[PDB]
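If you want the building blocks of each chain, they are given just below.
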Amino acid sequence: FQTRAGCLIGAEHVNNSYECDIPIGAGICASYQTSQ
Amino acid sequence: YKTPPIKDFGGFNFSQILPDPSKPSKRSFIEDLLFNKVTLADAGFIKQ
Ligand SMILES: *[C@@H]1O[C@H](CO)[C@@H](O[C@@H]2O[C@H](CO)[C@@H](O[C@@H]3O[C@H](CO[C@H]4O[C@H](CO)[C@@H](O)[C@H](O)[C@@H]4O)[C@@H](O)[C@H](O[C@H]4O[C@H](CO)[C@@H](O)[C@H](O)[C@@H]4O)[C@@H]3O)[C@H](O)[C@H]2NC(C)=O)[C@H](O)[C@H]1NC(C)=O
Ligand SMILES: *[C@@H]1O[C@H](CO)[C@@H](O)[C@H](O)[C@H]1NC(C)=O
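The name recorded for chain B in the PDB entry is Spike glycoprotein, from Severe acute respiratory syndrome coronavirus 2.

Draft legend 1. Just the overall build of chain A, in detail. The helix and strand tally for chain A stands at zero helices and two strands. On the principal axes, the C-alpha backbone points of chain A span a range of 25 × 20 × 15 Å. Counting over 36 residues, chain A shows a buried share of 3%. With the model as given, the accessible surface of chain A reaches about 3400 Å², and the carbon-plus-sulfur share is 50%.

Draft legend 2. Broad picture of the environment of B:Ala41. Mapped onto the fold, B:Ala41 is located in the segment after α1 (29-37). Residues B:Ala41 and B:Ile30, spaced 11 residues apart in sequence, show a C-alpha to C-alpha distance of 21 Å.

Draft legend 3. Quick peek at the pattern of salt bridges. Residue and element names in this part refer to chain B. Tallied over the entire structure, the rule returns two salt bridges over all chains. A salt bridge links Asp32 to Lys23; its shortest N-O distance comes to 3.5 Å. By relative accessible area, which is 11% here, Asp32 ends up buried. A residue is classified by how much of its surface remains accessible, and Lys23, at 35% relative accessible area, is partly exposed. Across the salt bridge formed by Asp32 and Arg27, the nearest N and O atoms sit 3.1 Å from each other. Judged by its relative accessible area of 29%, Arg27 falls in the partly exposed class. Shared partners join several salt bridges into a network, and the residues in it are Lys23, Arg27 and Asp32.

Draft legend 4. Local environment of the environment of A:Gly10. Residues and elements named next belong to chain A. Note that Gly10 resides in the segment before β1 (22-25). Among the residues examined, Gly10 registers a relative accessible area of 76% and is labelled exposed. Sequence-wise, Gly10 and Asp21 are 11 residues apart; in three dimensions their C-alpha atoms are separated by 17 Å.

Draft legend 5. Representation of unusual backbone geometry in the model. All names here are of chain B. Although it is not a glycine, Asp42 sits at a positive phi angle of roughly 60°. In this fold, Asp42 is placed in the segment after α1. By relative accessible area, which is 67% here, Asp42 ends up exposed. Not every positive phi belongs to a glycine, and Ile46 is a case in point at roughly 55°.

About the cut-offs
- Residues numbered from 1 in each chain as written, not as in the entry; some residues may be left out.
- Chains lettered and ligands numbered in written order.
- Part of a larger assembly, values for the part shown.
- Heavy atoms only, no water.
- Helix = DSSP H or I, 4+ residues; strand = E, 2+ residues; numbered from the N terminus.
- Buried < 20%, exposed > 50% of the residue type's maximum accessible area, 1.4 Å probe, protein only.
- Areas by Shrake-Rupley, 256 points an atom, 1.4 Å probe, with all protein chains shown as cover.
- Salt bridge = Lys/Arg side-chain N within 4 Å of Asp/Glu carboxyl O.

See below:
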């Protein structure tokens, strides 16, 4: 999923938004959730 | 929070400061003028 900060691999993009847990940057954050 | 549609602020005007829905960036009039006045460099948004 291309992003402003660069390129990520291994994760999955979602539309729902939450409070950031691990700031990736440029309005992008990572979180581990369900399945998991 | 968000501003209500009405502006019955005893005649006080905040137009230049309150966000303008028309502009994509909701920077106030004053803030947009400030950004224009400033001359930044190296935005870094995947620069060629
Ligand atoms: C809080 O502050 C704002 C900004 O002043 C007020 O919004 C209007 O602002 C104008 C002048 O700035 C007031 O005067 C008259 O406006 C009429 C039409 O208003 C709009 O016109 C265009 C629309 O794109 C805008 O440029 C303008 O800012 C208004 O949004 C016109 O009879 C005159 O405006 C003319 O101004 C210049 C030429 O001098 C050009 O933009 C146009 O040719 C335009 O026709 C006139 O100057 C107006 O009365 C203000 N109120 C309105 C439109 O409702 C807010 O009203 C004010 N709010 C409070 C509570 O004070
Ligand atoms: C939802 O996700 C997919 C792709 O991620 C796509 O429909 C669109 O980007 C998003 N639309 C909404 C309303 O979230």
